[PDB]
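Just so you know, the protein sequences line up as chains A and B, in that order. So for the first sequence, PDB author numbering puts the first residue at 1; every next one is plus one. So for the second sequence, PDB author numbering puts the first residue at 1; every next one is plus one. Cβ atoms here follow ideal geometry from the backbone N, Cα and C, with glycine treated the same way. Working notes, beginning with the structure itself.
Protein chains: 2
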Amino acid sequence: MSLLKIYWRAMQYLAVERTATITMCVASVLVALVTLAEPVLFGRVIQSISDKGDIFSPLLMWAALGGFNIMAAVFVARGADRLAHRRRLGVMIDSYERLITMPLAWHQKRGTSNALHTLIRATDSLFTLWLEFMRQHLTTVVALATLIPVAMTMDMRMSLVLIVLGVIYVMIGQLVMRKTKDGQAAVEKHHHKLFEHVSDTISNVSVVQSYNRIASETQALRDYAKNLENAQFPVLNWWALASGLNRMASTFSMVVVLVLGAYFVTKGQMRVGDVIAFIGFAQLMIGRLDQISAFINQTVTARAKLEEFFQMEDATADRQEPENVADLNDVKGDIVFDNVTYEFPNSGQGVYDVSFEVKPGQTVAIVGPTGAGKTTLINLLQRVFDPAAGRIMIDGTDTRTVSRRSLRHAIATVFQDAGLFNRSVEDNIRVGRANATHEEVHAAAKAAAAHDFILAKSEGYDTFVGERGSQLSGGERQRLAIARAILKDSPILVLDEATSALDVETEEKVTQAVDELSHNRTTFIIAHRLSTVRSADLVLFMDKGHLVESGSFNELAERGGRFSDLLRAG
Amino acid sequence: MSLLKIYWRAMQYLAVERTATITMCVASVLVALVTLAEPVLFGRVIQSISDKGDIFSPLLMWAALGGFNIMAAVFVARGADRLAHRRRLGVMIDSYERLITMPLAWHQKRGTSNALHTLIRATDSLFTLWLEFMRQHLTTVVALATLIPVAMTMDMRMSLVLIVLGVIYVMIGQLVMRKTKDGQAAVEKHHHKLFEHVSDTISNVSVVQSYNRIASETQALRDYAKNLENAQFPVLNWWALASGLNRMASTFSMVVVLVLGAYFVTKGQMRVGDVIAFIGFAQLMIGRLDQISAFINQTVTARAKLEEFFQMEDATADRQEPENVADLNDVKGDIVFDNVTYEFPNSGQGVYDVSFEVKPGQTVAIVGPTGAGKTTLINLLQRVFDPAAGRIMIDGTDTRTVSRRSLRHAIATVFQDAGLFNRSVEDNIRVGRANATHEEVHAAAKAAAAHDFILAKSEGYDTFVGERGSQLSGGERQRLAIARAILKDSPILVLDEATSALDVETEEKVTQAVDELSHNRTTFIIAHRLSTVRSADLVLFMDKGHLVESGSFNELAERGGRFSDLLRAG
Ligand SMILES: OC[C@H]1O[C@H]2O[C@H]3[C@H](O[C@H]4[C@H](O[C@H]5[C@H](O[C@H]6[C@H](O[C@H]7[C@H](O[C@H]8[C@H](O[C@H]9[C@H](O[C@H]%10[C@H](O[C@H]%11[C@H](O[C@H]%12[C@H](O[C@H]%13[C@H](O[C@H]%14[C@H](O[C@H]%15[C@H](O[C@H]%16[C@H](O[C@H]%17[C@H](O[C@H]%18[C@H](O[C@H]%19[C@H](O[C@@H]2[C@@H](O)[C@@H]1O)O[C@H](CO)[C@@H](O)[C@@H]%19O)O[C@H](CO)[C@@H](O)[C@@H]%18O)O[C@H](CO)[C@@H](O)[C@@H]%17O)O[C@H](CO)[C@@H](O)[C@@H]%16O)O[C@H](CO)[C@@H](O)[C@@H]%15O)O[C@H](CO)[C@@H](O)[C@@H]%14O)O[C@H](CO)[C@@H](O)[C@@H]%13O)O[C@H](CO)[C@@H](O)[C@@H]%12O)O[C@H](CO)[C@@H](O)[C@@H]%11O)O[C@H](CO)[C@@H](O)[C@@H]%10O)O[C@H](CO)[C@@H](O)[C@@H]9O)O[C@H](CO)[C@@H](O)[C@@H]8O)O[C@H](CO)[C@@H](O)[C@@H]7O)O[C@H](CO)[C@@H](O)[C@@H]6O)O[C@H](CO)[C@@H](O)[C@@H]5O)O[C@H](CO)[C@@H](O)[C@@H]4O)O[C@H](CO)[C@@H](O)[C@@H]3O
């Protein structure tokens with residue numbers, strides 16, 4: 001009963017556009033009625049006083065009906081294609097807009113590559129379902145529902161024979177389908193195994209001739225081929241059935257209905273027009289049942305993907321409530337933390353309660369071991385989630401009562417694997433500020449010493465960079481991120497190992513630039529290297545969610561035991 | 001006219017199996033004849049003295065013909081599937097056996113990954129061509145060739161009307177196909193561009209929220225969607241034409257032929273049976289022409305791949321002549337080189353003429369700069385090609401008059417990227433000797449110190465390793481290759497930077513093992529590191545295909561100027 005829910009949800013999403021869907025129902029009903037009436041008219045024209053009499057009017061009206069069917073067949077397909085494409089693009093808009101504001105926590109919880117794979121796969125499958133169902137699978141249901149009573153009231157006995165033929169055909173089709181699906185597991189296992197073997201043993205191209213094993217490899221692959229043939233032999237007939245059962249049933253039904261009609265005419269109570277109309281009914285229903293079976297098979301194959309997409313959409317549906325809450329302006333940088341604690345893996349907290357205060361005009365540097373407390377500190381600085389216990393206040397205002405719009409906008413960010421778009425580097429620089437303009441970008445590039453490297457080389461500053469910096473290295477995207485951060489001129493800068501990918505000569509000038517360009521702002525630098533930490537003001541210590549050392553450079557010379565050991569070690 | 005050659009070659013390859021192909025021709029002819037005779041019998045039974053008279057015999061014979069058609073439809077499909085699968089496996093056998101003996105020079109000239117891609121792609125396409133043509137595309141040609149004269153001699157005027165309908169249908173189908181293919185370029189460009197954009201901007205998942213550009217990204221993607229819709233709008237009707245022209249032409253032809261027949265009957269010179277037979281002929285030819293058009297479209301799509309496969313097969317066809325030429329036995333290792341020269345890129349030789357002699361019981365080490373002469377030296381040692389000018393002699397016998405069977409079998413090989421199969425490590429060790437057995441493999445593993453690393457860890461010595469050592473590192477495959485080389489106990493060992501992927505403690509013991517296990521054999525070690533070269537006997541020098549220094553360790557202390565500088569440098 002799960003599939004019916006899927007169909008109901010798909011139709012509910014489809015029925016959003018009410019200005020172009022109402023005509024589809026009437027068009028489908030009209031085409032079903034005309035395709036049902038065509039064989040009856042064929043019978044009427046064939047049985048016209050043997051073969052003489054006024055037949056000009058029946059021929060004319062049949063030709064008019066055929067022309068109407070032609071026009072409907074042309075127009076409905078185009079309408080369905082347009083509506084399906086528009087609805088696909090609209091649902092893509094909705095899914096994108098709903099997912100872009102979704103926090104990163106759930107993204108890293110469920111993964112991102114799988115999310116994209118399922119999203120585009122489900123969009124394609126749902127588009128396939130929306131389109132094919134508007135052309136050849138909505139009219140068939142109406143045609144059958146109208147055919148059953150007409151055929152019954154015409155000749156109930158032939159009607160029940162017809163129903164028996166239909167049900168036996170669908171049963172044998174289902175049996176054939178299930179047998180084929182049972183055989184595929186073994187057949188693909190052997191098939192993929194053999195092709196993997198041959199791909200490896202040819203792409204190696206260095207060990208097939210480094211072993212002198214032409215004969216052994218040939219014998220092994222012959223044995224694999226023999227095994228595959230022995231596995232294929234049991235399932236051969238079912239392929240023939242699955243390939244020709246439509247024609248099988250069509251011919252069988254036509255022969256049986258024609259011989260039954262002739263046998264009844266032998267006594268004499270009917271004509272030939274109704275017989276040929278019944279033949280047309282039989283072939284039409286056989287074709288439509290084949291189409292319906294194919295549609296059901298496709299839906300069963302895609303059910304898992306559609307169910308996963310629906311589950312993801314429902315999971316991302318329930319979100320926060322938009323409101324015009326008061327924001328903050330002219331941020332200074334006086335952040336206070338009290339009793340902040342958050343559990344990342346839900347199996348033990350990484351950080352403990354802490355009471356910290358940072359004042360404007362003084363940078364703060366934290367250095368620690370391989371513990372994960374620094375990441376939690378950065379996350380609570382950015383406020384990417386709702387802390388379970390703690391208090392974060394800015395400028396006399398709580399961070400929970402301030403919307404992300406300004407609260408973030410006052411805060412920058414630079415990490416190691418800074419995502420770069422796949423478009424040009426010039427746009428990847430202009431994306432540092434909302435609109436900006438093309439004179440200060442050069443100043444930012446000079447300030448980060450990233451102008452000469454991109455102007456002379458890289459075919460100018462208008463080159464397309466690949467995904468995840470596939471064309472550049474760590475240092476190049478590093479310098480680009482530094483340039484973006486400095487041109488953004490955010491009041492607060494947060495740093496996390498943002499200088500660990502260049503040699504000493506460039507590292508020294510990068511540190512000098514980021515220090516000379518940042519005096520009236522507070523920076524939070526987090527790095528294992530002990531080169532950029534000496535240019536800070538406040539020195540902190542991290543150890544398994546605890547505080548031991550928190551002071552300046554003129555107090556750490558004799559305070560603490562582990563910090564002195566770390567300082568003398570390197 | 002190129003396609004006809006492709007069809008001829010495909011049929012020539014198919015006709016190899018003459019014991020199961022002759023029956024296919026007669027089966028196809030019989031099914032074509034019965035499917036042509038079915039509508040005529042339908043007409044005969046419908047037109048049987050109005051609707052009275054002896055019709056039991058026509059019904060019985062028609063039912064027998066229908067049963068024969070049913071049996072043929074069941075049996076021919078299975079026969080075609082079996083024959084196509086057997087022929088596919090056979091041609092795979094032939095291609096593998098012909099390519100495995102193919103030298104590596106052409107493989108690296110044309111590439112390997114592309115070779116595999118085209119080989120399996122062409123095999124799949126050729127199997128598709130072999131199968132579909134045996135069921136629904138060989139009988140149609142015979143059916144048409146038999147229908148044209150029968151229909152002409154029945155009613156030439158309706159026959160020419162039928163031919164006109166067929167030709168106009170195929171012309172409009174071709175026009176529709178070409179218009180669709182013309183639109184494909186633009187539609188796919190915009191489609192892939194939009195999906196690449198959305199994939200990048202969702203998989204980044206770190207910069208859509210690091211820019212505060214929800215509105216800008218939404219507007220940009222809306223503009224992209226609008227552009228895609230504006231590009232899709234011009235091509236909408238042509239899609240409807242392709243997804244319904246079959247039914248279009250079928251209905252139009254049926255209506256026109258029936259109205260023409262009724263108009264001729266109005267005067268009165270014919271009956272209804274021939275009319276319904278003509279209707280059946282029209283629908284049958286419409287369906288078969290649709291199938292033929294689809295087949296031609298598929299063949300045009302696959303023509304490039306088939307042509308490339310045929311060209312590759314012809315290129316690899318012409319090879320050497322097998323012969324029982326005299327081989328060598330009990331190799332010692334006294335190799336002489338004189339005036340050997342070979343050009344790798346055909347744009348300048350890398351090596352020059354040289355006169356070198358190596359004696360048994362003395363290893364030879366060559367050290368040189370980043371020049372490519374060492375690779376040429378190794379290649380001429382292995383004799384993987386035919387040198388243009390030079391003389392290589394072993395044991396009083398030329399290498400050109402000795403087959404590769406023994407000439408190689410006396411020679412081992414170890415490189416950096418030693419190919420490992422995707423199967424278990426135990427087999428990757430047993431592949432060092434032809435048959436061997438499971439006691440000396442442990443001795444070899446202990447000798448290379450590769451037993452403890454694989455027994456305790458890696459879930460025993462029966463673990464599956466990925467392609468190109470995807471699961472292991474350089475050191476592990478390194479030690480496995482060293483173990484394979486030492487267990488192969490070849491009279492001559494050639495080394496090429498085969499010790500450059502481990503720390504000093506393991507490198508020292510590896511060198512000690514390979515030296516203690518090799519005294520009565522000559523080894524050729526080629527490495528840039530100056531650690532394993534000191535354990536050699538004869539010291540050589542390489543410089544741009546020249547000889548400067550060639551002696552022992554007791555002569556290099558004052559001979560040469562560059563060698564002393566290199567020795568003191570590191
Ligand atoms: O405007 C509007 C419009 O549109 C349109 O559309 C368009 C488009 O565009 C679009 C887009 O698109 C996209 C796409 O898509 C995609 C993508 O993806 C991705 C990719 O992917 C991939 C894949 O691949 C794969 C592979 O695999 C495979 C293999 O195989 C193997 C095997 O095995 C097997 C077995 O065998 C057996 C046998 O069987 C047989 C059968 O037979 C049958 C048949 O039937 C049929 C027919 O058909 C016909 C028709 O019909 C149709 C139509 O439709 C239309 C449409 O249109 C549209 C609309 O919308 C408008 O207009 O479309 C469609 C499609 O969908 C088409 O089709 C058309 O066009 O219509 C009608 C009406 O009525 C209906 O019906 C339907 O629908 O028609 C025509 C003429 O006629 C044609 O077409 C055709 O022909 O029919 C029938 C009825 O009548 C039925 O039944 C069916 O349907 O055939 C025959 C005749 O001919 C018959 O008779 C029979 O019955 O078949 C099958 C198939 O083929 C098979 O099965 C076979 O062949 O049997 C025997 C005995 O007999 C035995 O013995 C054997 O064994 O089988 C089994 C079962 O179970 C299994 O196993 C299988 O299957 O084996 C062999 C030997 O061994 C060989 O062959 C081989 O080996 O392999 C594997 C393993 O084994 C398997 O499994 C498989 O299957 O593979 C590979 C490697 O690995 C992988 O990869 C995979 O897996 O696929 C694809 C496809 O496409 C491709 O492409 C690729 O390659 O990938 C990549 C990555 O990067 C890329 O490329 C992509 O991306 O995409 C997406 C995602 O993203 C999605 O979507 C998808 O997925 O694509 C393209 C390119 O790319 C582009 O375009 C795009 O992208 O999108 C959308 C939608 O979707 C939208 O937006 C648009 O628009 O385009 C298209 C193209 O296609 C066109 O077409 C159109 O135009």
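For a Cβ distance threshold of 8 Å, nothing in chain B lies close to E313 (chain A): the least Cβ distance comes to about 15 Å. Nearest to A145 (chain A) by C-alpha distance, out of A:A186, A:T123, A:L119 and A:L33, is A:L33. About 5 Å separates the beta carbons of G373 (chain A) and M542 (chain A), which is inside the 8 Å limit, making them a contact pair.
With a 10 Å radius around the Cβ and a threshold of 16 neighbouring Cβ atoms, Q478 (chain B) comes out buried.
Any Cβ of chain B closer than 7 Å to the Cβ of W130 (chain A) would place that residue at the interface, and such an atom is absent.
By the neighbour-count criterion, in which a residue is buried when 16 or more other Cβ atoms sit within 10 angstroms of its Cβ, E476 (chain A) is buried. Contact check between the region 370-385 of chain A and the region 398-414 of chain A: three or more CB pairs, one atom from each, fall below 8 Å, which counts as touching.
By the criterion of a C-beta distance shorter than 8 Å, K488 (chain B) is surrounded in its chain by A412, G432 and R433, once the five residues flanking it on both sides are discounted. Going by C-alpha positions, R529 (chain A) is about 17 Å away from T375 (chain A).
Look at the region 234-312 of chain B and you find these whole runs of alpha helix (DSSP H), each 4 residues long or longer: 237-242 and 245-267. Residues of chain A with a Cβ closer than 9 Å to the Cβ of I120 (chain B) are, in chain order, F195, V198 and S199. A heavy atom of ligand 1 is found nearer than 6 Å to the CB of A294 (chain B).
In this model, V235 (chain B) and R82 (chain A) are separated by some 11 Å (Cα to Cα). Its chain contains no residue whose beta carbon lies nearer than 6 Å to that of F195 (chain A) once the 5 sequence neighbours on both sides are disregarded.
The C-alpha of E549 (chain A) is placed about 8 Å away from the C-alpha of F563 (chain A). By the Cβ rule, the region 273-289 of chain A counts as touching the region 145-155 of chain A, because three or more pairs are nearer than 8 Å. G545 (chain A) and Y352 (chain A) do touch by the CB rule: their CB atoms are close to 4 Å apart, below 8 Å.
Look at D200 (chain B): its beta carbon is at least 6 Å from all of the heavy atoms in ligand 1. Among the residues of chain B, those whose CB is under 7 Å from the CB of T251 (chain A) are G66, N69 and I70, following chain order. For the region 230-242 of chain B, the set of residues with a beta-carbon nearer than 7 Å to any beta-carbon of chain A comprises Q232, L236, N237, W239 and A240, in chain order.
Between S125 (chain A) and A302 (chain A), the gap from beta carbon to beta carbon is short of 7 Å. Relative to ligand 1, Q184 (chain A) has its C-beta within less than 6 Å of a heavy atom. For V539 (chain B), the enclosing beta strand (DSSP E) starts and ends at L538 to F541. Residue-level contact by beta carbon holds for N212 (chain A) and chain B, with a gap shorter than 7 Å. The C-beta of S206 (chain B) comes closer than 7 Å to at least one C-beta of chain A. Note: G551 (chain B) is bridge-paired with B:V539 in the DSSP secondary-structure output. For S355 (chain B), the pairing in a beta bridge is given by DSSP as B:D338. The beta carbon of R78 (chain B) sits closer than 7 Å to some beta carbon of chain A. Put simply, the backbone Cα of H409 (chain B) is about 9 Å away from that of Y211 (chain A). Burial state of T19 (chain B) is exposed, judged by a 10 Å Cβ sphere holding fewer than 16 other Cβ atoms. For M102 (chain A), DSSP assigns no beta-bridge partner whatsoever. In the three-state scheme derived from DSSP, where H, G and I count as helix and E and B as strand, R433 (chain A) is classed as coil. The Cβ atoms of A304 (chain A) and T341 (chain A) do not sit closer than 7 Å to each other. Annotation: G79 (chain A) to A105 (chain A) spans about 42 Å, alpha carbon to alpha carbon. Using a Cβ-Cβ cut-off of 7 Å, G244 (chain B) counts as an interface residue toward chain A, since at least one Cβ of chain A sits closer than that to its own. Taking all protein chains shown into account, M177 (chain B) has 16 or more neighbouring C-beta atoms within 10 Å of its C-beta and is therefore buried.
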